[PDB]
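The deposited numbering puts the sequence shown at residues 4 to 47, 61 to 426.
We treat Cβ as the ideally placed atom computed from N, Cα and C, and that holds for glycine.
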Amino acid sequence: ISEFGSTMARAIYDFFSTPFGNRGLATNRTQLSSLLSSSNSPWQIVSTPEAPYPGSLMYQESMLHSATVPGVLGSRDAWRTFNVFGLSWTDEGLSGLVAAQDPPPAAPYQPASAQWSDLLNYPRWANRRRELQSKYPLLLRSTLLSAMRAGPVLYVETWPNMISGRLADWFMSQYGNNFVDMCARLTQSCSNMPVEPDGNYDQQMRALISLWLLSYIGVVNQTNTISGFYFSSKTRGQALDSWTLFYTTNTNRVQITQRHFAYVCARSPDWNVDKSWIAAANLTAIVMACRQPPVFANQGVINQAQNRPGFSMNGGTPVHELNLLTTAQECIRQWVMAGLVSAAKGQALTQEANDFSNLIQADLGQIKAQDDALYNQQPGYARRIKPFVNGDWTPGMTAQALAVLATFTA
Numbered sequence: 004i005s006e007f008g009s010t011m012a013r014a015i016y017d018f019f020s021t022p023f024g025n026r027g028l029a030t031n032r033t034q035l036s037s038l039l040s041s042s043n044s045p046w047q061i062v063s064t065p066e067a068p069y070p071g072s073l074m075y076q077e078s079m080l081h082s083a084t085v086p087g088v089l090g091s092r093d094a095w096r097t098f099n100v101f102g103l104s105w106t107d108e109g110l111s112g113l114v115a116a117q118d119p120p121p122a123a124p125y126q127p128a129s130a131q132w133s134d135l136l137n138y139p140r141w142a143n144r145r146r147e148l149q150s151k152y153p154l155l156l157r158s159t160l161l162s163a164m165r166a167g168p169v170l171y172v173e174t175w176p177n178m179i180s181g182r183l184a185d186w187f188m189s190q191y192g193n194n195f196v197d198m199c200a201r202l203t204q205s206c207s208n209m210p211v212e213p214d215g216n217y218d219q220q221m222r223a224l225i226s227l228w229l230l231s232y233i234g235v236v237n238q239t240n241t242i243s244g245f246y247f248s249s250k251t252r253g254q255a256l257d258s259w260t261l262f263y264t265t266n267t268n269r270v271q272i273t274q275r276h277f278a279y280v281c282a283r284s285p286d287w288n289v290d291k292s293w294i295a296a297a298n299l300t301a302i303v304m305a306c307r308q309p310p311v312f313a314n315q316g317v318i319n320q321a322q323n324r325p326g327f328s329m330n331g332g333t334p335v336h337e338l339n340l341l342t343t344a345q346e347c348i349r350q351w352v353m354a355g356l357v358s359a360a361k362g363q364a365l366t367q368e369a370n371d372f373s374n375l376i377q378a379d380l381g382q383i384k385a386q387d388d389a390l391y392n393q394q395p396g397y398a399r400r401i402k403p404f405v406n407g408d409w410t411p412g413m414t415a416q417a418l419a420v421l422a423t424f425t426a
């Protein structure tokens with residue numbers, strides 16, 4: 004940890020496309036169509065058959081970027097004849113995606129699997145910088161999901177008396193609010209981009225992610241607060257989980273002595289149902305977009321994402337992983353230990369977590385198995401969620417990540 008953190012404005016605008024397998028990019032035109040806005044814009061538990069989970073849109077949008085963006089970078093007129101999956105751009109500014117001609121003007125673009133793009137090769141983005149910067153958090157979010165072996169990474173940073181001054185008043189203005197609402201409002205505030213490293217929006221987003229995470233893992237709770245603040249949920253690891261911002265006058269307040277940083281990813285596929293992890297993953301992309309962030313350890317990203325200058329390196333910042341169930345269980349263990357619930361209410365809670373994780377393993381397991389089968393056999397099949405492997409359900413290195421995160425209060 005540099006004592007200052009990541010103060011450098013962003014100067015490199017790299018994009019990493021989604022890995023795909025034997026039958027190409029696991030999307031089609033019906034799925035891509037479904038992601039667009041009323042105005043045809045790709046840049047603007062409510063499940064659907066097409067997108068079963070919250071984490072579905074994240075994956076499916078990474079395929080939309082990978083299909084549509086890397087193919088127009090060739091120049092100023094690329095958009096006139098460019099088409100992919102039956103879609104074409106409306107203008108050089110990539111405002112909207114509409115139906116292509118068929119036959120098209122040129123041969124349709126072929127997405128490439130797990131491939132890097134320098135987005136500054138787009139002449140318009142090289143000259144009108146503010147219009148790349150405003151799209152880049154979306155594009156970075158895709159890039160990071162594609163580079164991750166499992167679920168989405170979080171940017172996790174604490175610093176000496178981090179919630180104070182106007183940042184304190186800001187958190188107090190949100191007393192009793194839901195975490196996901198807070199995240200959506202900040203996304204909302206960032207639309208008109210000007211996000212400077214260490215500015216107000218930046219410091220809010222970083223402090224929100226780590227306040228939340230440290231409550232998610234149980235080390236921050238009502239007996240152990242950051243400048244009074246903590247998130248709470250009545251349930252833990254369960255369908256009903258809902259994190260509310262609370263404030264305490266009279267309980268222990270941590271004394272952060274130094275700056276702390278970690279990248280933390282979700283190992284287990286239940287990340288797909290976790291709205292708070294996903295909302296934290298979205299802020300993470302806005303936070304990372306505005307700066308040059310820590311360089312990833314190579315072992316933290318898939319093979320095709322290694323050794324990208326400014327992004328990944330031998331010796332980079334490690335990516336810690338969390339099995340979500342293990343973490344729910346550990347959170348609960350922290351709550352019993354803090355005297356926040358009885359030892360018997362701890363068991364009830366563990367059992368409702370274990371029980372919910374059972375229904376999610378099975379629902380995702382079947383989505384996986386159907387998707388895998390259909391991807392290999394049905395041409396032009398649209399996968400509904402990022403591919404995973406059954407081993408992602410083990411704890412893995414969860415305990416290592418919990419031990420590191422517990423030091424973030426010191």
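Taken in chain order, the whole beta strand (DSSP E) runs of length 3 or more contained in the region 298–356 are 335–338. With fewer than 16 other Cβ atoms inside 10 Å of its own Cβ, residue 126 counts as exposed. Under the three-state reduction of DSSP output, residue 181 falls in the helix class. Here residue 133 carries a strand assignment [DSSP, helix/strand/coil]. Straight-line measurement puts the Cα of residue 220 at about 12 Å from the Cα of residue 212. Secondary structure note for residue 17: its beta strand (DSSP E) is the uninterrupted segment 17–19. Taking the C-beta atoms as reference points, residue 112 is found nearer than 8 Å to residue 44. Taken through DSSP and simplified to helix, strand or coil, residue 29 comes out as coil.
Around the beta carbon of residue 118, a 10 Å sphere encloses fewer than 16 other beta carbons of the protein chains shown; the residue is thus reported as exposed. With respect to residue 237, residue 356 sits close: the two C-beta atoms are nearer than 8 Å. Rounded to whole angstroms, residue 294 and residue 151 show a C-alpha spacing of 18 Å.
Around the C-beta of residue 350, 16 or more other C-beta atoms lie within 10 Å, and the residue is accordingly described as buried. Counting C-beta atoms within 10 angstroms of its own C-beta, residue 96 has fewer than 16 neighbours from the protein chains shown and is therefore classed as exposed. Going by DSSP, residue 174 is part of no alpha helix (DSSP H) but of the beta strand (DSSP E) stretching over 169–174.
Between residue 72 and residue 318, the C-beta spacing is not below 8 Å. Within the same chain, and ignoring the five residues on either side of residue 263 in sequence, the residues whose Cβ sits closer than 6 Å to its Cβ are 191, 244, 245.
In the three-state scheme derived from DSSP, where H, G and I count as helix and E and B as strand, residue 288 is classed as helix. Of the other Cβ atoms in all chains shown, fewer than 16 fall within 10 Å of the Cβ of residue 326; this residue is therefore exposed. Distances from the CA of residue 166 to each of 386, 280, 33, 35 were compared; the closest alpha carbon is that of 280. For the 8 Å CB-CB criterion, residue 321 and residue 345 do not form a contact.
Across the set 288, 272, 384, 284, the C-alpha of 272 shows the shortest separation from the C-alpha of residue 6. By the beta-carbon neighbour count (other beta carbons within 10 angstroms, threshold 16), residue 210 is exposed. Within the region 184–246, no beta strand (DSSP E) run of at least 3 residues lies entirely inside it. In the DSSP assignment, residue 426 falls outside any alpha helix (DSSP H) and carries neither an H nor an E.
The residues 178, 179, 183, in chain order, have a CB closer than 7 Å to that of residue 223 in the same chain once the five nearest residues on each side in sequence are set aside. Selection 216, 198, 205 evaluated against residue 292 yields 198 as nearest (Cα-Cα).
Secondary structure note for residue 105: its beta strand (DSSP E) is the uninterrupted segment 103–105. Residue 90 and residue 422 have their C-alpha atoms roughly 47 Å apart. Taken through DSSP and simplified to helix, strand or coil, residue 372 comes out as helix.
Between residue 395 and residue 26 the beta-carbon gap is near 6 Å, inside 8 Å, which marks them as a contact. Annotation for residue 413: 337 place their beta carbon closer than 6 Å to its own, counting only its chain and skipping 5 residues before and after. Per DSSP, the continuous alpha helix (DSSP H) segment holding residue 83 begins and ends at 70–84. By the Cβ rule, the region 4–18 does not count as touching the region 384–394, because fewer than three pairs are nearer than 8 Å. Between residue 86 and residue 142, the beta carbon gap of about 16 Å keeps them out of contact (Cβ cut-off 8 Å).
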